Amino acid sequence: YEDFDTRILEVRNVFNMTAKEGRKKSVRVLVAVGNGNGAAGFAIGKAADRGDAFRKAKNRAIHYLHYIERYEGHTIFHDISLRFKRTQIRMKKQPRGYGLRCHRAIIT
Amino acid sequence: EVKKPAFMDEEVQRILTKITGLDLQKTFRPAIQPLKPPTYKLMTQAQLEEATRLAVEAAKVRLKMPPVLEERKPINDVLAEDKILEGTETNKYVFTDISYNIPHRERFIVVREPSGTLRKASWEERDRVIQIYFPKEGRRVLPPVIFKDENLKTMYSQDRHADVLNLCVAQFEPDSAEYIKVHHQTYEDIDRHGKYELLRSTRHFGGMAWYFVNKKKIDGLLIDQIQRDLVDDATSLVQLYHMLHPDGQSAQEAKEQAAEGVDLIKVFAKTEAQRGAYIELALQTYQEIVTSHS
Numbered sequence: 217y218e219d220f221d222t223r224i225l226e227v228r229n230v231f232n233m234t235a236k237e238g239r240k241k242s243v244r245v246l247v248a249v250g251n252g253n254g255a256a257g258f259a260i261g262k263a264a265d266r267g268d269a270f271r272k273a274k275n276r277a278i279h280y281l282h283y284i285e286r287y288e289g290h291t292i293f294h295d296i297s298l299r300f301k302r303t304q305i306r307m308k309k310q311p312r313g314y315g316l317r318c319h320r321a322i323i324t
Numbered sequence: 063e064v065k066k067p068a069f070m071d072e073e074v075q076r077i078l079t080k081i082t083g084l085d086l087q088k089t090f091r092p093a094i095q096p097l098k099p100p101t102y103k104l105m106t107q108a109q110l111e112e113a114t115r116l117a118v119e120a121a122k123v124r125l126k127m128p129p130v131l132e133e134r135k136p137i138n139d140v141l142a143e144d145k146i147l148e149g150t151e152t153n154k155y156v157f158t159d160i161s162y163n164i165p166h167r168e169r170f171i172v173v174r175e176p177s178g179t180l181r182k183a184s185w186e187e188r189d190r191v192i193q194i195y196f197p198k199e200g201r202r203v204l205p206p207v208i209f210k211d212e213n214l215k216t217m218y219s220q221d222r223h224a225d226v227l228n229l230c231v232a233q234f235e236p237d238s239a240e241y242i243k244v245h246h247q248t249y250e251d252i253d254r255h256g257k258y259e260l261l262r263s264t265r266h267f268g269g270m271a272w273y274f275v276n277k278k279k280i281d282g283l284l285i286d287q288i289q290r291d292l293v294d295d296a297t298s299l300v301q302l303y304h305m306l307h308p309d310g311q312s313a314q315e316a317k318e319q320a321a322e323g324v325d326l327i328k329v330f331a332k333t334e335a336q337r338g339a340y341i342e343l344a345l346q347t348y349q350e351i352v353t354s355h356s
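See below:
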């Protein structure tokens, strides 16, 4: 999968309460993958070590590849407005040379 | 005396429009300018054909040819010579009437010289000051530097003749010497290198064919029109050449033989063509290809 690139979006270091350390350690990593050619996916990987959470998330996302339709390969086909739970996203189709004027996570 | 045909004569405009042609893809080629998000409409085959018809209507207005005029005559009229004011001023005064509702070619722009003479402004002075007070989008107060011979040659190497002419129309007046000099230089470079296709489906093709007909050098345009299978256009060009030169040997030969269609081009080759041998060869090859294939 040399044509695919992986990007991190969130890294949480969360501690729970297990007898091993009294307060156990946990790393939850959200990653996204894509080939820059319409195919992309995301996954969450959890482990006790950060490096393991990266591998688990990175290889899980390759199994959940969406294909995104791009108008002429540079933009969305039409305006998109949606609410996922309490998060509203409002995308707009733009002409060439406009660039990505979006939330830093959306640019990634 | 039979009137000499004009550029705007309904007959000449018909022939010049035909040979120019139309191509909605070239006429409406995308402009490199700030862009906006496109709009979309769902249309039936009837609606789509209606939209194409309006596009062809707009492409006609877009291809409207710019005027072809003779060079203006220098303005040299002295209104007064008040010698009492000699030596009292070091620099010329230029007075411009800027009343809004006067046509620019009917405005009074006078110059009070240091000697005291009150004279009318020259053509170079008139255009400069009219840009300062009635500024026109595209035009600059001082003549740009792109119109220098070396700079124009650079544009020609890049095959940017339609731009050189669009720049000459925004800046200079149609009857000015600078306008004629640039146009006649662009038309001449197209001829030498056979780049007639650059100005097809553009408003500048009519003036180019007009210039060649008047200068009796349509040989290149005919050879190129024939090689592109535009032989109906080639005949119309020979009709325009037989219209602006009625007493020419070629025009009198076509009357004697009542030539029409491909005959007109054959008559031109023998009689008045500078390079007739090639016109027949190209014309013959076209006929051979047409007959052999179909």
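Quick note, the sequences are listed as chains P and W, same order.
In terms of the UniProt record's numbering, the first sequence is numbered consecutively and its last residue is 324.
In terms of the UniProt record's numbering, the second sequence is numbered consecutively and its last residue is 356.
All C-beta atoms, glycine included, are put in the ideal place defined by N, C-alpha and C.
Taking all protein chains shown into account, do 16 or more other C-beta atoms lie within 10 angstroms of the C-beta of residue i, making it buried, or fewer, making it exposed?
i: residue 274 of chain W; result: buried
i: residue 30 of chain W; result: In the structure as shown, chain W begins at 63 and stops at 356. Residue 30 of chain W is therefore absent and cannot be evaluated.
i: residue 303 of chain W; result: buried
i: residue 318 of chain P; result: exposed
i: residue 200 of chain W; result: exposed
i: residue 216 of chain W; result: exposed
i: residue 247 of chain P; result: buried
i: residue 356 of chain W; result: exposed
i: residue 267 of chain P; result: exposed
i: residue 209 of chain W; result: buried
i: residue 354 of chain W; result: exposed
i: residue 101 of chain W; result: exposed
i: residue 263 of chain W; result: buried
i: residue 321 of chain P; result: exposed
i: residue 269 of chain P; result: buried
i: residue 279 of chain P; result: exposed
i: residue 140 of chain W; result: exposed
i: residue 293 of chain W; result: buried
i: residue 235 of chain W; result: buried
Less than 8 Å between the beta carbons of residue i and residue j, yes or no?
i: residue 77 of chain W; j: residue 287 of chain W; result: no
i: residue 221 of chain W; j: residue 257 of chain W; result: yes
i: residue 224 of chain P; j: residue 245 of chain P; result: yes
i: residue 203 of chain W; j: residue 188 of chain W; result: no
i: residue 344 of chain W; j: residue 285 of chain W; result: yes
i: residue 231 of chain W; j: residue 165 of chain W; result: no
i: residue 270 of chain W; j: residue 249 of chain W; result: yes
i: residue 117 of chain W; j: residue 86 of chain W; result: yes
i: residue 294 of chain P; j: residue 309 of chain P; result: yes
i: residue 259 of chain P; j: residue 277 of chain P; result: yes
i: residue 291 of chain W; j: residue 340 of chain W; result: no
i: residue 256 of chain P; j: residue 290 of chain P; result: no
i: residue 224 of chain W; j: residue 283 of chain W; result: no
i: residue 81 of chain W; j: residue 295 of chain W; result: yes
i: residue 150 of chain W; j: residue 121 of chain W; result: no
i: residue 336 of chain W; j: residue 329 of chain W; result: no
i: residue 97 of chain W; j: residue 286 of chain P; result: no
i: residue 67 of chain W; j: residue 306 of chain W; result: yes
Short of 6 Å in beta carbon distance, which residues of its chain neighbour residue i, apart from the five on each side in sequence? Order them along the chain.
i: residue 148 of chain W; result: 177, 178
i: residue 299 of chain P; result: none
i: residue 142 of chain W; result: 180
i: residue 233 of chain W; result: 201
Whose C-beta lies closer than 7 Å to the C-beta of residue i among residues of the same chain, with five residues either side of it excluded?
i: residue 332 of chain W; result: 338
i: residue 65 of chain W; result: none
i: residue 226 of chain P; result: 246
i: residue 306 of chain P; result: 297
i: residue 227 of chain W; result: 245, 248, 266
i: residue 217 of chain P; result: 278
Is there at least one Cβ from chain C nearer than 8 Å to residue i's Cβ?
i: residue 85 of chain W; result: Of the protein chains in the structure, P and W, none is chain C.
Excluding the 5 residues flanking residue i on each side, which residues of the same chain have their C-beta closer than 8 Å to its C-beta?
i: residue 105 of chain W; result: 113
i: residue 326 of chain W; result: 297, 300, 301, 304, 316
i: residue 221 of chain P; result: 249, 250, 251, 252
i: residue 207 of chain W; result: 213
i: residue 94 of chain W; result: none
i: residue 233 of chain P; result: 239, 240
Short of 8 Å Cβ to Cβ, which residues in the stretch 287-310 of chain P face chain W? 308, 309, 310
Alpha helix (DSSP H) runs wholly inside the stretch 262-304 of chain W, at least 4 long, in chain order: Listed in chain order, they are 267-276, 281-289.
Whole alpha helix (DSSP H) elements within the UniProt domain "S5 DRBM" (220-284) of chain P, 4-residue minimum: Fully enclosed alpha helix (DSSP H) runs of 4 or longer: 266-277.
At a Cβ cut of 7 Å, what residues of the stretch 82-110 of chain W count as close to chain P, listed as they run along the chain? 97, 98, 99
May I ask you to list, following chain order, the residues of the stretch 310-324 of chain P that have a beta carbon less than 9 Å from some beta carbon of chain W? Interface annotation for the stretch 310-324 of chain P against chain W: 310, 311, 312, 313, 314, criterion Cβ-Cβ distance under 9 Å.
Complete runs of the beta strand (DSSP E) confined to the stretch 115-166 of chain W [at least 3 residues]: 140-143, 155-158
Pick out the complete beta strand (DSSP E) segments inside the stretch 158-224 of chain W, 3 residues or longer, and give them in chain order. Within the stretch 158-224 of chain W, the complete beta strand (DSSP E) runs of at least 3 residues are 171-174, 179-182.
Entirely within the stretch 74-115 of chain W and at least 3 residues each: give me those beta strand (DSSP E) ranges in chain order. none
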